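Student: Questions regarding the structure given below will be posed in turn.
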Amino acid sequence: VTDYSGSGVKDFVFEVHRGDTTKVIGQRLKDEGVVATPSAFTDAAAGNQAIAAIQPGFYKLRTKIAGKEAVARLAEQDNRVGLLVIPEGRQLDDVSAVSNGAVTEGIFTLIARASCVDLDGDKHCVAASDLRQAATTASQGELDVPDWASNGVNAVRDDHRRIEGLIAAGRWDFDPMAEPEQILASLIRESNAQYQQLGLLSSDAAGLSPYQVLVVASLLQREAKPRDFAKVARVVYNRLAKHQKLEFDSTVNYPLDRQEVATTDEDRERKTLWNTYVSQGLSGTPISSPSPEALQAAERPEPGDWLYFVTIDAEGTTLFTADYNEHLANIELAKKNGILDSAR
């Protein structure tokens, strides 16, 4: 049957849909002018495991090519485009290390990098600043902000940080040729489905909204090691109940876009929507994209009366207590064991 020869005509982005079989992909490849007949694709794909296991997503292909060439291009990992990984605890912005270490790239930078497609020579990317602007100004309906987050987003005006926490840690696909608003919206929709699957909307923890649970998880992700998440969650709720400020360093560092570092009394005094040295209560928005385990801890805090915690040694032991004098003793223990500076 008819099957194209030669090197093709035009590079473009092709989407494999969820539920597409090899046969259906062959039909769609014919309809988009990639292969001359569907069986040109399916014959060449027979017994190919890369094609059999192909994932829904976006793929750089070329028009008017041979079936075996279409198969090779689809099976080549490098032609995958709009595939994004957001590691746990990332922010929207890049975060500098004043610890003398390297920059930590944020979600905008990672989306932009994931968006790049080489089309007939032209490298085509969405720019991080365009994603940031769309986060700053697009309407909630345009970003598909979920209902449980609507009021939290609304209280933060003309700041991209209004959508913090809404793009979850995980692995996502997005159309690299769509507008910045639609890219952000699809990410937020996929994240909302994951958050639902991870229990964010169906939690029975008394007196907490889903948005508040997300905020707590984002704090835990930045302040504690995974082993301690559940206990730190209890500390947070105990302090909220006793109207004691959280005094989390990560809430000071978050808007300065800087990594885990000690904070001065000057920094702790700056009034922001997030600073928990200044104000009682939770941060106004999440301060990071939390891991699934931080979410589970925020939903199911370990029972206990602790109000204080500090890491005291090299192996990461963390002592929790409800007694302030014991907490002072544990702080000094961390200083003698070398973990914490003798003076701030």
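By order of appearance in the structure tokens: chains A, B, ..., then residues from 1 within every chain, and ligands from 1 in the order shown.
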Pick out each residue of range 195-233 of chain A that DSSP on the backbone tags as alpha helix (DSSP H); I need them as a PyMOL selection string.

Tutor: chain A and resi 195-197+210-223+229-233

Student: Restricting it to C-alpha atoms, dump the selection as a PDB file, in the first residue's frame.

Tutor:
ATOM      1  CA  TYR A 195      -5.057  16.527  45.439  1.00  0.00           C
ATOM      2  CA  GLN A 196      -8.513  14.925  45.500  1.00  0.00           C
ATOM      3  CA  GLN A 197      -6.962  11.471  45.124  1.00  0.00           C
ATOM      4  CA  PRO A 210      -9.022  21.940  52.298  1.00  0.00           C
ATOM      5  CA  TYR A 211      -7.070  25.129  51.545  1.00  0.00           C
ATOM      6  CA  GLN A 212      -5.820  25.237  55.135  1.00  0.00           C
ATOM      7  CA  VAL A 213      -4.728  21.604  54.914  1.00  0.00           C
ATOM      8  CA  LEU A 214      -2.743  22.432  51.776  1.00  0.00           C
ATOM      9  CA  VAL A 215      -1.111  25.378  53.553  1.00  0.00           C
ATOM     10  CA  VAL A 216      -0.119  23.211  56.539  1.00  0.00           C
ATOM     11  CA  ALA A 217       1.349  20.513  54.261  1.00  0.00           C
ATOM     12  CA  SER A 218       3.413  23.153  52.418  1.00  0.00           C
ATOM     13  CA  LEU A 219       4.772  24.352  55.785  1.00  0.00           C
ATOM     14  CA  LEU A 220       5.611  20.800  56.897  1.00  0.00           C
ATOM     15  CA  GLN A 221       7.391  20.189  53.590  1.00  0.00           C
ATOM     16  CA  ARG A 222       9.632  23.188  54.206  1.00  0.00           C
ATOM     17  CA  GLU A 223      10.202  22.899  58.011  1.00  0.00           C
ATOM     18  CA  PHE A 229       5.790  15.428  59.205  1.00  0.00           C
ATOM     19  CA  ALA A 230       2.966  13.910  61.276  1.00  0.00           C
ATOM     20  CA  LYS A 231       4.334  15.171  64.590  1.00  0.00           C
ATOM     21  CA  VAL A 232       5.059  18.651  63.266  1.00  0.00           C
ATOM     22  CA  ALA A 233       1.489  18.685  62.004  1.00  0.00           C
TER      23      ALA A 233
END

Student: Might you pull out every residue within 8 Å of residue 108 in chain A, with only C-alpha atoms counted and same-chain residues fewer than 6 positions away left off, and present them as a tab-separated table (two decimals) with N, CA and C atoms, in the first residue's frame?

Tutor:
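around.tsv, freshly written:
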chain	number	residue	atom	x	y	z
A	92	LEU	N	6.97	28.59	43.08
A	92	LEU	CA	6.78	29.14	41.74
A	92	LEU	C	8.07	29.80	41.23
A	93	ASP	N	8.77	30.54	42.10
A	93	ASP	CA	9.99	31.25	41.76
A	93	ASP	C	11.23	30.41	41.99
A	128	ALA	N	9.35	31.85	30.94
A	128	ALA	CA	8.96	31.90	32.36
A	128	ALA	C	8.27	33.21	32.72
A	129	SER	N	8.75	34.35	32.20
A	129	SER	CA	8.11	35.62	32.57
A	129	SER	C	6.68	35.71	32.04
A	131	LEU	N	4.60	33.05	31.71
A	131	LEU	CA	3.84	32.26	32.67
A	131	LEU	C	3.61	33.04	33.95
A	132	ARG	N	4.64	33.74	34.44
A	132	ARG	CA	4.47	34.51	35.66
A	132	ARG	C	3.41	35.59	35.49

Student: I want to know what sits within 9 Å of residue 85 in chain A, based on only C-alpha atoms, with residues of the same chain fewer than 2 positions away left out; could you give that as number ranges by chain?

Tutor: A: 83, 87, 110-111, 114, 169-172

Student: How would the residues just chosen look if you wrote them out with N, CA and C atoms as a compact mmCIF listing (two decimals), in the first residue's frame?

Tutor:
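Final output, result.txt:
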# COMPACT_ATOMS: atom_id res chain seq x y z
N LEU A 83 6.39 17.37 28.79
CA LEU A 83 6.42 16.48 29.95
C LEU A 83 7.23 17.14 31.06
N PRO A 87 9.51 18.53 41.43
CA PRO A 87 9.89 17.83 42.66
C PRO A 87 9.20 18.42 43.88
N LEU A 110 10.75 25.53 35.30
CA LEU A 110 10.61 24.14 34.88
C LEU A 110 9.54 23.99 33.80
N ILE A 111 8.42 24.70 33.92
CA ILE A 111 7.40 24.65 32.86
C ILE A 111 8.00 25.14 31.56
N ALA A 114 10.30 22.58 30.08
CA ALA A 114 9.51 21.48 29.55
C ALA A 114 8.81 21.85 28.25
N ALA A 169 3.37 19.04 43.18
CA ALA A 169 4.48 18.15 42.90
C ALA A 169 3.98 16.92 42.16
N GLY A 170 4.74 16.47 41.18
CA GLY A 170 4.31 15.32 40.42
C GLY A 170 4.87 15.36 39.01
N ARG A 171 4.22 14.61 38.13
CA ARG A 171 4.64 14.48 36.74
C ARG A 171 3.42 14.76 35.86
N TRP A 172 3.55 15.71 34.95
CA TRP A 172 2.39 16.28 34.27
C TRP A 172 2.69 16.40 32.79

Student: Name all residues at most 9 Å from range 283-288 of chain A (count only C-alpha atoms; drop same-chain ones fewer than 3 positions away) and give them as an MDAnalysis selection string.

Tutor: chainID A and resid 88:92 152:153 155:156 161:166 168 211:212 214:219 221:222 250:251 254:255 272:276 279:280

Student: Would you pick out the contacts of residue 28 in chain A at 12 Å or less, using only C-alpha atoms, so that residues sharing its chain but fewer than 3 positions from it are not included, and give the list as a VMD selection string?

Tutor: chain A and resid 14 to 17 20 to 25 31 to 39 41 to 42

Student: Would you mind writing down, as a list in words, each residue of range 110-218 of chain A that DSSP on the backbone assigns to strand (DSSP E)?

Tutor: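 Residues meeting the strand (DSSP E) criterion: residues 117, 118, 119, 122, 123, 124, 170, 171, 172 and 173 of chain A.
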
Student: Would you save the residues from that selection as an mmCIF file, in the first residue's frame, using N, CA, C and O atoms?

Tutor:
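Generated file (again-v4.cif):
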data_model
loop_
_atom_site.group_PDB
_atom_site.id
_atom_site.type_symbol
_atom_site.label_atom_id
_atom_site.label_comp_id
_atom_site.auth_asym_id
_atom_site.auth_seq_id
_atom_site.Cartn_x
_atom_site.Cartn_y
_atom_site.Cartn_z
ATOM 1 N N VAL A 117 10.244 23.032 22.109
ATOM 2 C CA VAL A 117 10.127 22.119 20.974
ATOM 3 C C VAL A 117 10.928 22.698 19.817
ATOM 4 O O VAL A 117 10.733 23.860 19.452
ATOM 5 N N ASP A 118 11.830 21.897 19.250
ATOM 6 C CA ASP A 118 12.558 22.284 18.042
ATOM 7 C C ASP A 118 11.680 21.997 16.829
ATOM 8 O O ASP A 118 11.430 20.832 16.506
ATOM 9 N N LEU A 119 11.221 23.048 16.152
ATOM 10 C CA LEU A 119 10.350 22.934 14.986
ATOM 11 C C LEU A 119 11.071 23.513 13.778
ATOM 12 O O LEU A 119 11.185 24.738 13.652
ATOM 13 N N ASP A 122 13.622 26.268 14.441
ATOM 14 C CA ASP A 122 13.226 27.220 15.476
ATOM 15 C C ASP A 122 13.005 26.495 16.801
ATOM 16 O O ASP A 122 12.141 25.623 16.899
ATOM 17 N N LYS A 123 13.778 26.853 17.823
ATOM 18 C CA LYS A 123 13.482 26.410 19.180
ATOM 19 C C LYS A 123 12.329 27.250 19.716
ATOM 20 O O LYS A 123 12.426 28.478 19.761
ATOM 21 N N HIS A 124 11.236 26.599 20.105
ATOM 22 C CA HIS A 124 9.993 27.267 20.474
ATOM 23 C C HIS A 124 9.690 26.936 21.930
ATOM 24 O O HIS A 124 9.435 25.773 22.263
ATOM 25 N N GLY A 170 4.739 16.475 41.180
ATOM 26 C CA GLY A 170 4.309 15.323 40.416
ATOM 27 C C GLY A 170 4.874 15.357 39.010
ATOM 28 O O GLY A 170 5.862 16.026 38.735
ATOM 29 N N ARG A 171 4.225 14.606 38.128
ATOM 30 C CA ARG A 171 4.638 14.482 36.737
ATOM 31 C C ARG A 171 3.421 14.758 35.864
ATOM 32 O O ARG A 171 2.373 14.128 36.034
ATOM 33 N N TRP A 172 3.549 15.715 34.954
ATOM 34 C CA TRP A 172 2.394 16.276 34.268
ATOM 35 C C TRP A 172 2.690 16.395 32.787
ATOM 36 O O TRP A 172 3.848 16.537 32.386
ATOM 37 N N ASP A 173 1.635 16.366 31.977
ATOM 38 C CA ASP A 173 1.736 16.648 30.551
ATOM 39 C C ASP A 173 0.964 17.919 30.233
ATOM 40 O O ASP A 173 -0.135 18.125 30.745
#

Student: In Å, rounded to a single decimal, give me how far CA of residue 205 in chain A is from CA of residue 160 in chain A.

Tutor: 29.3 Å

Student: May I ask for the distance between CA of residue 253 in chain A and CA of residue 268 in chain A, given in Å to one decimal place?

Tutor: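 It comes out at 9.2 Å.
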
Student: Set the distance at 10 Å and use only C-alpha atoms: which residues neighbour residue 320 in chain A once local chain neighbours fewer than 2 positions away are removed? I'd like the list as number ranges by chain.

Tutor: A: 228, 231-232, 235, 304-311, 317-318, 322-323, 326-327, 330

Student: Please compute the CA of residue 303 in chain A-CA of residue 234 in chain A distance, one decimal, in Å.

Tutor: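 Atom-to-atom, CA of residue 303 in chain A and CA of residue 234 in chain A are spaced 6.7 Å apart.
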
Student: Would you mind listing what lies within 9 Å of range 176-181 of chain A as an NGL selection string, with only C-alpha atoms counted and same-chain residues fewer than 4 positions away left out?

Tutor: :A and (13 or 58 or 81-83 or 112 or 114-117 or 124-127 or 130-135 or 138 or 142-143 or 185-186)

Student: Go ahead and save the residues from that selection, with C-alpha atoms, as a PDB file, in the first residue's frame.

Tutor:
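Everything below was put into selection-v9.pdb:
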ATOM      1  CA  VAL A  13       3.435  18.558  17.772  1.00  0.00           C
ATOM      2  CA  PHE A  58       2.826  15.376  23.171  1.00  0.00           C
ATOM      3  CA  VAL A  81       7.604  17.404  24.701  1.00  0.00           C
ATOM      4  CA  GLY A  82       5.499  19.121  27.347  1.00  0.00           C
ATOM      5  CA  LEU A  83       6.425  16.478  29.949  1.00  0.00           C
ATOM      6  CA  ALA A 112       9.250  26.887  30.408  1.00  0.00           C
ATOM      7  CA  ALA A 114       9.507  21.484  29.551  1.00  0.00           C
ATOM      8  CA  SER A 115       7.756  23.573  26.868  1.00  0.00           C
ATOM      9  CA  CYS A 116      10.670  23.739  24.393  1.00  0.00           C
ATOM     10  CA  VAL A 117      10.127  22.119  20.974  1.00  0.00           C
ATOM     11  CA  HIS A 124       9.993  27.267  20.474  1.00  0.00           C
ATOM     12  CA  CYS A 125       9.432  27.782  24.212  1.00  0.00           C
ATOM     13  CA  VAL A 126       7.013  29.519  26.520  1.00  0.00           C
ATOM     14  CA  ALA A 127       8.996  32.082  28.545  1.00  0.00           C
ATOM     15  CA  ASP A 130       5.020  35.068  30.397  1.00  0.00           C
ATOM     16  CA  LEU A 131       3.836  32.256  32.665  1.00  0.00           C
ATOM     17  CA  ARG A 132       4.473  34.512  35.662  1.00  0.00           C
ATOM     18  CA  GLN A 133       2.452  37.367  34.133  1.00  0.00           C
ATOM     19  CA  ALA A 134      -0.452  35.029  33.343  1.00  0.00           C
ATOM     20  CA  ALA A 135      -0.353  33.794  36.954  1.00  0.00           C
ATOM     21  CA  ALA A 138      -5.507  35.884  34.521  1.00  0.00           C
ATOM     22  CA  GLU A 142      -9.292  31.223  33.018  1.00  0.00           C
ATOM     23  CA  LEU A 143      -6.871  29.427  35.357  1.00  0.00           C
ATOM     24  CA  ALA A 185      -4.992  25.980  33.817  1.00  0.00           C
ATOM     25  CA  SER A 186      -4.336  22.429  32.653  1.00  0.00           C
TER      26      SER A 186
END

Student: Pick out the closest residue to residue 45 in chain A from this set: A:270, A:57, A:167, A:72. Count only C-alpha atoms.

Tutor: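 When distances to residue 45 in chain A are compared using only C-alpha atoms, the smallest one comes from A:72.
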
Student: Go through A:332, A:84, A:242, A:59 and flag the residue nearest residue 109 in chain A, using only C-alpha atoms for the distances.

Tutor: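 Distance minimum relative to residue 109 in chain A lands on A:84.
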